[PDB]
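Data block below; observations after.
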Amino acid sequence: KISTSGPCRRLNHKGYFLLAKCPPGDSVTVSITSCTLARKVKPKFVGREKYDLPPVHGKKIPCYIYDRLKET
Amino acid sequence: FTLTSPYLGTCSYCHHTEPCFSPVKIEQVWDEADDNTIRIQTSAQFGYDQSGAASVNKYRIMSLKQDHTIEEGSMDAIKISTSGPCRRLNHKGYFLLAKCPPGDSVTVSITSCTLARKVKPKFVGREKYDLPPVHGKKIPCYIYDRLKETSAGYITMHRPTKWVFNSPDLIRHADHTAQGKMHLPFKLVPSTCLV
Amino acid sequence: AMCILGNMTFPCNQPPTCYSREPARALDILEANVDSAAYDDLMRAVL
Amino acid sequence: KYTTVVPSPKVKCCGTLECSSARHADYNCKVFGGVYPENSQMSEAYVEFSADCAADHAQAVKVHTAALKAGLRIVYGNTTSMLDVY
Amino acid sequence: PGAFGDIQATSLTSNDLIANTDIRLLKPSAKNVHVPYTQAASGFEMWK
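Protein chains in written order, with the entry's author numbering: chain S, 79 to 110, 117 to 156; chain U, 1 to 110, 117 to 166, 199 to 233; chain B, 8 to 54; chain D, 50 to 86, 99 to 147; chain A, 197 to 244.
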């Protein structure tokens, strides 16, 4: 179970790594029981209007993503 | 009081990066009290447990299979929250009444859904607060009363059997118009509180 | 205090019939009397 | 506040809809074309009052010229008198 | 619309609401059935 400041949900793992989606900032913990690292995760939005969770209907401008499948 | 049937909702961000065909989806929310009380217009009926019998400890979820199969969930398992966890207070049919302190998200988990409506922080006095003070002075306010009372709001229900609600998720308003109307509970009666 | 139940008028206190005697016909009374001013009387009358 | 009636919309799968106004408030009874893959949706989110205006509303009152009462207390001799006089 | 006095009503209980609300219906685009509207804040809510 991993967490940053709230409970963070993980998505994938391959080898050493982890891919999760973690909302707030200021810490990245990894529990079972283990450590943390002090690296501030500043929150970011992509359009010209800001938001916190993604909205309902919107207009879908392009962005970048971490893919989840077997790509390097 | 479950004269009517439940429904399934099209939520956003359900326990994952998932807008999905949902269970207990919020579908409308009222934020008007002077404590942190929220009224939620859920997906599932909450009284009629064993498909005809209005009970309390169980409910009437239109379950995830696309066959209208109601499966008898235990009402001690619907956990809802907003950004931290939130204790619910009452349920009657389509409705939940809870008191949920932060904002920017209104979740209805189990794991399940949310709604990112701004639940702005509000107080009643001239000196602001977050938790209620210890001793205080009790000036008047309003409250969502949680026993029996109704609001005379007159929200309508229609056909798909039983009545089926006029929800923005739902579709079944094609030919069976001229439909009856219930009205909303939880009257929001005046009361008094501590500042 | 009268309704337009089907084609025959009835008092809203006791219109025929109750909730269990005619399901989906009491609903027809209610959907025929949406704009009735004594509508909560009809809603108490069905139950 | 309005809580706009956001009804379950009217959707024909192959037919068309031409919905005018019933005797209600602001609509936007709008009848959008080819959608949900023609099909048609006539959404009419008409406003009304909120779920509770008996508790939280306003009264835009107009005010004309005013009176004066008083509540005078007059003591004369050994007797006091409480009254009220326009 | 936008300002105080969007909805008008001669009483709470009477009929005949008269509204200019700046409600704006929007053409839906999703996989499921919903109805998207935008609006200003209620002029009562913004007067508060």
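The beta-carbon is built from N, C-alpha and C at its ideal position, and this holds for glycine as well.
Candidates the options: closest to residue i by CA position
i, options, result
"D35/B", "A216/U, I38/U, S157/U", "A216/U"
"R152/S", "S81/S, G84/S, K99/S, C86/S", "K99/S"
"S105/S", "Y135/S, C147/S, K154/S, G84/S", "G84/S"
"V53/B", "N20/B, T16/B, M9/B, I11/B", "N20/B"
"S111/D", "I61/U, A54/U, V29/U, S55/U", "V29/U"
"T156/U", "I78/U, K92/U, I38/U, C14/U", "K92/U"
"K143/U", "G131/U, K154/U, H15/U", "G131/U"
"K223/A", "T234/A, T217/A, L213/A, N216/A", "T234/A"
"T120/U", "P146/U, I78/U, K128/U", "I78/U"
"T65/D", "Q102/D, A121/D, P56/D", "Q102/D"
"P56/D", "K128/U, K58/U, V202/U, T17/U", "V202/U"
"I38/U", "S229/U, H214/U, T107/U", "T107/U"
"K154/S", "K134/S, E133/S, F95/S, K126/S", "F95/S"
"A205/A", "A128/D, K50/D, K61/D", "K50/D"
"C63/D", "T140/D, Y85/D, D117/D", "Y85/D"
"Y150/S", "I80/S, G103/S, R88/S", "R88/S"
"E71/U", "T162/U, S81/U, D49/U", "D49/U"
"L213/A", "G82/D, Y147/D, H73/D, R134/D", "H73/D"
"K126/S", "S118/S, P101/S, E133/S, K134/S", "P101/S"
"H15/U", "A53/U, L232/U, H211/U, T82/U", "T82/U"
"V227/U", "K134/U, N57/U, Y148/U", "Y148/U"
"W243/A", "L129/D, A71/D, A121/D", "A121/D"
Coil, strand or helix - residue i by DSSP
i, result
"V140/U", "coil"
"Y46/B", "helix"
"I70/U", "strand"
"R87/U", "strand"
"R51/B", "helix"
"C63/D", "coil"
"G9/U", "strand"
"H211/U", "coil"
"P228/U", "strand"
"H16/U", "coil"
"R132/S", "coil"
"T2/U", "coil"
"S225/A", "coil"
"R60/U", "strand"
"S22/U", "strand"
N-terminal and C-terminal residue of the alpha helix (DSSP H) that residue i is part of
i, result
"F240/A", "239 to 243"
"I110/U", "From DSSP, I110/U is part of no alpha helix (DSSP H); its letter is neither H nor E."
"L34/B", "33 to 39"
Partner residues on chain C for residue i, Cβ-Cβ distance less than 9 Å
i, result
"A216/U", "Looking for chain C here will not work: the only protein chains present are S, U, B, D and A."
Start and end residues, beta strand (DSSP E) containing residue i
i, result
"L97/U", "95 to 99"
"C25/B", "Taken as a continuous stretch (DSSP letters only), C25/B belongs to no beta strand (DSSP E), as it is neither H nor E."
"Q102/D", "101 to 103"
"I219/A", "219 to 221"
"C147/U", "145 to 149"
"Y233/A", "233 to 235"
Residues bridged to residue i [DSSP beta-bridge criterion]
i, result
"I40/U", "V29/U, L96/U"
"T156/U", "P223/U"
"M143/D", "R134/D"
"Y48/U", "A54/U"
"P18/B", "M9/B"
"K124/S", "Answer is none; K124/S lacks a bridge partner."
"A215/A", "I203/A"
"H164/U", "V202/U"
"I80/S", "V108/S"
"residue 168/D", "Residue 168/D falls outside the range modelled here, since chain D spans only 50 to 147, and no answer is possible."
Legend entry - Cβ pair count under 8 Å reaching 3, the region 104 to 114 of chain D against the region 70 to 83 of chain D: Proximity of the region 104 to 114 of chain D to the region 70 to 83 of chain D meets the contact definition, three or more beta-carbon pairs being nearer than 8 Å.
Inset, instruction - Would you check if the region 15 to 28 of chain B and the region 220 to 232 of chain U touch, i.e. whether three or more CB-CB distances between them fall below 8 Å? - result: Contact annotation: the region 220 to 232 of chain U does not touch the region 15 to 28 of chain B, with fewer than three C-beta pairs closer than 8 Å.
Legend entry - Touch test, the region 138 to 149 of chain U against the region 20 to 27 of chain U, Cβ-Cβ under 8 Å, three pairs minimum: No, because fewer than three Cβ pairs between the region 138 to 149 of chain U and the region 20 to 27 of chain U fall closer than 8 Å, the two stretches do not touch.
Inset, instruction - Pair every Cβ in the region 38 to 46 of chain U with every Cβ in the region 5 to 17 of chain U, then say whether three or more of these pairs are closer than 8 Å. - result: With the rule of 3 Cβ pairs closer than 8 Å, the region 38 to 46 of chain U counts as touching the region 5 to 17 of chain U.
Legend entry - Meets three-Cβ-pair contact criterion under 8 Å: the region 222 to 239 of chain A and the region 201 to 211 of chain U: Under the three-pair Cβ rule at 8 Å, the region 222 to 239 of chain A counts as touching the region 201 to 211 of chain U.
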